[PDB]
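Chains as they are written, first to last, in full-length UniProt numbering: chain U, 15 to 337, 350 to 755, 767 to 977; chain H, 15 to 755, 767 to 977.
Virtual Cβ for every residue (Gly too), placed ideally from N, Cα, C.
Structure first, then comments.
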């Protein structure tokens, strides 16, 4: 009433700063210029030709009117204020930790570190590649195992990956996987959820009493246990090996500064979280999980691995080596965890752990004086305290009164996990809470004389860790600042130039969106804090669920899955559970078009489905006749079709509705991979044209930053008939991520984007993304054939450039073009996917016309360079394309013996003389790196 | 008791992360190595031999025990939470504003922008130089005037600089300066405080009724006025010109998007604050003030000015221009005492202009003006009297004596502050943050009820937002490409990144600038600056809303008092220059208070910072230099002679300790005794306090007053040339005269606590270091300086040493032999260091032909050694010239710095290789910092002064 009147009045005022105009690259003038090159007068008219009318969303999105950056921040701040920041000593896999301010400011809040994506182009990613090498080295050193990857999604899924690895190398008919009952309970549920569709039996029980009567292929043990107890696992491991099973330890990596590590205990695999290496609690994430194992299983390892190779000049250089459904991981958070190791060093890390342990021993001695029973013989940071059923509720409440959360274990027992933030003053609060009064029957300092903090020799670590120079040389703040800056300077990120990676949506990660991630009311909340303290998050989730529901047209949203791969997997699990609920167990066929992202069939197989490929036609589109024939053939067994819309070829197929009808006719569900949603928002809705479930990549379409290769979030939307089966936050599939809302803290980014854009702005973004892709295609089409065009000769949000003629004409490979683009100051687009020998270019709506033109001009110049080779005008082996990228040192030092000038090499376009980005290394030898796998700092 | 018990227990625990170990560069092993090189068994021995045992502080500093970064942040957050963030519509020269998040994150919270200092080495400072050029251009465009500088400290002091300029160019014998009574009241006080020691008569009155009967040399008018009124000042300006006076307008630069600008009105000078170009309120600062005037007054402009020149390759390049105006060359004859200014905030303000452009800026002002007109119409419906005929953002509302307190109280109940004007009148200033919902609150507060006799939208059809033709601006502004090209966030992100990449700051390598103390600006120290509880408070908010700041100030006053030994501390002065000036003002007031008005002689040793004699002249004192002896020390005999001669007239001695020569003189106590014997006060320049903290205290060895540079010794970042804070400590007998926060000197800074928000940085430093840590920092600073001197002494003579052949926290390297032997100039060495990846140390000050090197305690041994190795390599390059082994005119020293383009493009015709040019040391092959331009032609730039984007 009064509010409606204010909105009228506000609309009369001079126009205010609109976030849409900061998010978009091309303004109205630039848009009109682009449209004219395309032969359209208006964007609306172009979009009417791009999007098939039958699937066009016929109205505006029902979303809140856009807010300014200032207003949206203020609104979210009021929501955030409803959360309460307690001292949580809940433990269970998440422990408060101190992020060194220098790392918070210069990595987590630095777009130079969070805006690039996976280091596909290694020569311009040596900085984050080195940080990841440090991460691998830290994990190898602490676990005592031979190889480690460049991070997994969270502790529980890493453990599930360990189960899968163990299953693969098993040669027995053993179908059971033993999980110790004192693993973290969310880990157990994630494992059970992954085991279900594969028919794997999960046996959960006390490791002490496991009989080894039932054949197992693997076992998972928690170290220290979830209730805190530190056990000697050697005997169990020995017995498991006698029964041909691999043993995985889920091991707290901070505890491994003190405790005998998994490698020395005989464990085959180690997993865990690196969250307490200075990564915010985040109400669940994002945190990098680790995965370490024996070198003999290196070809079986999940995820990405950084390896040391050499460049064209013989110098050391890093690359992803040996290239599960996992794609996007947790790179940014692995960088933070490794920098925590670099800044603290081995001595510093051990002192942090020793202090935590000393405080926990002191805590225990005082609780004993208060006549409580202490169950753990040995512990790192976590006590199991027997208080009796009568006292447990009052203690937990008194604790809450002081803003402290403890862990309820079983009736009459309370768990307490201390951490890096804990002070002697916190200890006093704990004693007084347990005493029920403030005057204690002891003095704090009096207890120190009793403090015995050693472990038995069988559990006392002697081996060293983090001995490489990198962990010793950068302990002043100034030193670390400079190290970070040097690594950052090697990497080409979005603060330098457009990174037009097809299938990745490298759009603006706006400062206003990123800001709230590091507000303590979002970042400093334990994922299992009582609901009464997380009402701000509850509001955030409810809003995001409603908004993503409206965008997709689905009736329910699960925010849990913490990657695109996880969303696909969750979606297929929900479909599987649906068929089971109808008494249709035999439905296990998953139809997948050959063009699909590789995550799709990997996810299907993980879900116990049998993949049946569906041909794509001569235009690159889904072959409807073939789909119909396969659907008919597998009618009784059809579980699902997984479809990407628009296709991985960047095309709006007009047949999508018909395709869904066919699948439904034969009893299947339709799953839509939502990676290409940047061509859809406001223009079509998956639920409307026949999808039953989809996932969204929030790190593509909805602005979560690419993080150098992570983090992401992959929420799913489902129709009502599937809602009952959604992951838990009688019928649920269980848990897909370790935390109920996955990496909850980064969800604020997509909330901010939607709040600041509003329904018209979100739709305009989609439209401009399509305009810019089509503009680039039109500019380049006479130089590089555009491989797949939709109806009306338009593409969607990306286009595929055919580089195969250059190979025929000039013996030039796509890799040569990709490296030569570095000399022009550009990261290459997506290379050789989905079609070998091509590039897929996706500019997004956030890049200016000037930037688009520079990229096209670079490609045209490279076209002319290839023509020169074709026409014999320059040596076919010694030319800028074959020798790219050109380092400054290669141009300045030694003799210059090439048939082109140093200026032609380094400044091939005018903009490079205004600002030059220097490739840090020459072209990296890929085959050499895979042949001689070196994955730690020892090799560099 | 219980805390005592806990402290005891905590000491038993494994060592936690100590901030001291992050702040220091050299650890214990590195320190032992450096001591071995120096021939000392312990650091204690070195310090006992460096510091005269007589002035030595005989106990530990009484300061709180060190806290971790985590604990100190928590403690300050608790303090900050006591402040209340209101919607302040108080105005008076400070208005809430929206800092674009992209600028907050990538400039204000980016050490790449805030760690370097004044762009003395222009070739490695083109980024901030360009941002300053944009600032000047924005100011010129908006004011309609011909030249503008690269910032002043605040609005009131800028107006005082305008008074000084007007006095300096006056054709008459006029001694009076007219100040309109509707200038901001703090501006009036700053002006009066500056006029007092110069004997200038300040007339404060209604500009409408000024008779011009008393001759004036200048007039200051406020536009719009402090109460909001917009006046047509043309007639006044014409009359002032008829009477041979200059007119300065203190003009709100946002309002100039709509209002006819000073230049077009005929004004000679414009000053103001650029705070509302996206700079946090900051409880007073820091904000860059602007100063614009006519080209014909170039040589009299205060402060720094960026000018477009060209480099060795004929390419456009920027540099500081007309430097003989400034204190470091000209000293007592400088145009002002200003040194450190507000560069970081000028960068932010110009980026606000770049991001919003002319259209965006105008829309911000239009919307503010529309909201204010709407507010006005509503208040009239409620039967209130509205006094301003025309206004931009500020209303003067007649409410009556009886209602005014209740309205103010009701506003406070909704978390709103208004401005008390006079009894029965209330001021309201709207700003960029204001929404129609805020309007509704204001109307309901004035209505005394929630249901209004009108609806908001209904009022719109009555809104006239235009001004009379004679006040309506027609001229364009910000038409240069730079203000149009970077409006997407991604574009601005990239522009900022490209500029930042051109500049060598502390995230690259050590910048060992003597007299500057380029130590760690720790992230934890910087973090609280941008907490809203510090950044979003209006400086004239009611005391009940600022208890967190009260606590911060009390603690800082106590701690700096303990460090200096002084009885009272003033946190007001907002630069070292202001601290000196405030100190001299208090000394002057003291002599007057004793009935000793004739004391106006200020003794100043020849080595002193140019700010010293400049400050003295501004304080109405006559400078008498005191000679330095053969060994560079103050000549006690000469001091005594002059003290005797000017006995009856001796006001002060200004002394820097340790000296600007980097030496601890053992005579400092005797020197103070002599000054006191002859009736003078002793002022100590505390810019070298990084050699003193915990080791000696100025008050203990004879100083009556000192200033500290928090941006040198206490970690406020150098900001590319600002901001700073220059608090003063005084003995009890001077306390009565301190600036207002019957006897006060008045106001030195426009805001009572100057740039209050940045004081949290120094609070954090002290809290995290503790007494032993602060003292260790001083000792390591001295160790590292002596280490570098020892390493370099056989190559470059150490010009001055103290007792036991030691230096203090810095040393002077004599490069004059290189000039004699090889015709190598100090600037040659400075540019060649760029090719080694280093910013030069301080060049040619205090001694021409030398370099003064100050590493600070924050730089590692490895880094100290690389710098020494660079200087040694350069020495060998000079020796090759000397021995005739290379063309004396064509060699790396003469041609430095070497851009990548100069090496890669075109034919290479030099008797040395490109590798020798770009990679003269092995670390450059690990990480190469590229100079963005070749050597800049200085004389060409001063000959053809171009100070806006049109030239570049």
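In this structure, the CA atom of residue 600(U) is about 38 Å from the CA atom of residue 972(U).
Under the 8 Å criterion on CB atoms, residue 374(H) is classed as interfacial with respect to chain U. Using a Cβ-Cβ cut-off of 9 Å, residue 929(H) is close to 925, 928, 929, 938, 939, 940, 942, 943, 944 of chain U, given in chain order. Under DSSP, residue 20(H) forms no beta bridge with any residue. Scanning 514(H), 160(H), 312(H), 269(H) for the CA closest to the CA of residue 407(H) turns up 269(H). Chain order gives the chain H residues near residue 885(U) as 502, 504, 505, where near means a beta carbon separation below 8 Å. Secondary structure within the stretch 48 to 89 of chain U: the alpha helix (DSSP H) runs of 4 or more consecutive residues, fully enclosed, are 57 to 64 (chain order).
In the DSSP annotation of this structure, the continuous segment of the beta strand (DSSP E) that includes residue 192(U) starts and ends at 190 to 194. Close to chain H, meaning a Cβ-Cβ distance shorter than 8 Å, is no residue of the stretch 186 to 211 of chain U at all.
Taking C-beta separations shorter than 8 Å and ignoring five residues to either side along the sequence, the partners of residue 638(H) in its chain run 615, 616, 617, 618, 656, 660, following chain order. If you check the CB distance, residue 536(U) and residue 37(U) come in under 8 Å.
Taking a cut-off of 8 Å for Cβ pairs, the stretch 859 to 869 of chain U and the stretch 884 to 901 of chain U touch, as three or more such pairs fall below it. According to the DSSP secondary-structure assignment, residue 722(H) is paired through a beta bridge with 700(H).
Within the stretch 469 to 494 of chain U, contact with chain H at the beta-carbon level (separation under 7 Å) is assigned to 469, 470, 471, 474.
When 7 Å is used as the limit between beta carbons, residue 511(U) is near these residues of chain H: 521, 522, in chain order. Rounded to whole angstroms, the separation of the alpha carbons of residue 423(H) and residue 429(H) is 10 Å. Scanning the stretch 532 to 566 of chain H from its first residue to its last, the whole alpha helix (DSSP H) runs of 4-plus residues come out as 537 to 540, 546 to 549. Between the stretch 188 to 203 of chain U and the stretch 103 to 111 of chain U, the count of Cβ pairs shorter than 8 Å is three or higher; the stretches touch. Per DSSP, residue 331(U) lies in no alpha helix (DSSP H) segment; the continuous beta strand (DSSP E) that holds it begins and ends at 330 to 334.
By the rule that beta-carbons nearer than 8 Å mark a contact, residue 84(U) touches chain H. When 7 Å is used as the limit between beta carbons, residue 451(H) is near these residues of chain U: 20, in chain order.
Neighbours of residue 692(H) in chain U, taken as residues whose beta carbon is under 7 Å from its own, are absent, since the nearest beta carbon is some 46 Å off. Bridge partners of residue 161(U) according to DSSP: 307(U). Contact between the stretch 569 to 580 of chain U and the stretch 310 to 328 of chain U is absent: fewer than three C-beta pairs spanning the two stretches fall below 8 Å. Close CB contacts of residue 636(H) within its chain, under the 6 Å cut and outside five residues either way in sequence, are with 614, 615 (chain order). Scanning 747(U), 746(U), 773(U), 829(U) for the CA closest to the CA of residue 753(U) turns up 773(U). DSSP links residue 324(H) through a beta bridge to 330(H). Taking a Cβ-Cβ threshold of 7 Å, the residues of chain H close to residue 541(U) are 115, in chain order. By the beta-carbon neighbour count (other beta carbons within 10 angstroms, threshold 16), residue 95(U) is exposed.
For the pair residue 250(H) and residue 308(H), the Cα-to-Cα distance works out to about 19 Å.
DSSP links residue 616(U) through a beta bridge to 637(U), 666(U).
8 Å or more divides the Cβ of residue 581(U) from the Cβ of residue 384(U). Around residue 327(U), no beta-carbon contact reaches into chain H at under 7 Å, the shortest distance being about 12 Å.
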